[PDB]
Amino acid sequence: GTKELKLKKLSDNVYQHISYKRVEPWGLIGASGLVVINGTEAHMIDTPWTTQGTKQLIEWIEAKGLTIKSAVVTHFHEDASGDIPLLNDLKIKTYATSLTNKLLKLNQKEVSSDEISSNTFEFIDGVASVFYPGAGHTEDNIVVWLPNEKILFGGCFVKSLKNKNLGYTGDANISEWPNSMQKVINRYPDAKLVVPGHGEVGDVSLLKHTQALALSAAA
């Protein structure tokens, strides 16, 4: 791929989009979202981190002859909801919870076109399920479950195994994060792949590892 956007196949219908941003002192580092393909229809889980990443993603999807039906953003930060304004211009439906829209509005950013007003939401009929586990990385963070592939998109609610801390905690509830994670652990014992917002894909250990990081940071 390019220095802005890499795509990695996770299964027949599911791609991981990895978008890059310069964050000193690490150089270029990736944010992960998904593309889910349902027949002639494509769906974005999180927007890429840069507007350029997003335009390259739209081109790569539309170059397969797929219509981008919808996008769901997993929290109010730029590495998940950064290109809500572009998608809304292109008349691609954006989905965000009422909590995500509250925090976008509070930070003077455009809200989603469509509001999720439930703790569980069927983002793509029989293909993608949204769950709100409670506060963790942010008040508003959600996870996305792909029942056909047994893929859980954790976003920034979930840390990579290698990560030894929680990253940016300025909007975090470190006290609730372990109880929130226990809900996700209890809901998805069948998860084969967990996608963190940053770093390597893994198994359920990533859930238990994030819970442990959070339990220790309270000390």
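Numbering starts at 1 and runs along the sequence shown.
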property	result
146-154 versus 51-59 - greater average Cα B-factor per the deposited record	51-59
Stretch with the higher entry mean CA B-factor, where the candidates are 191-199 and 21-29	21-29
Selection by C-alpha B-factor (highest) of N186, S70, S175, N165	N165
Highest-ranked of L103, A135, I116, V111 once sorted by CA temperature factor in the record	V111
Among modelled residues of the same chain, the CA temperature factor third for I84	middle
Within-chain third of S11 by Cα B-factor, per the entry	highest
Ranked against its chain, the third holding the CA B-factor of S180	lowest
Position of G65 among the chain's modelled residues by C-alpha B-factor, lowest, middle or highest third	highest
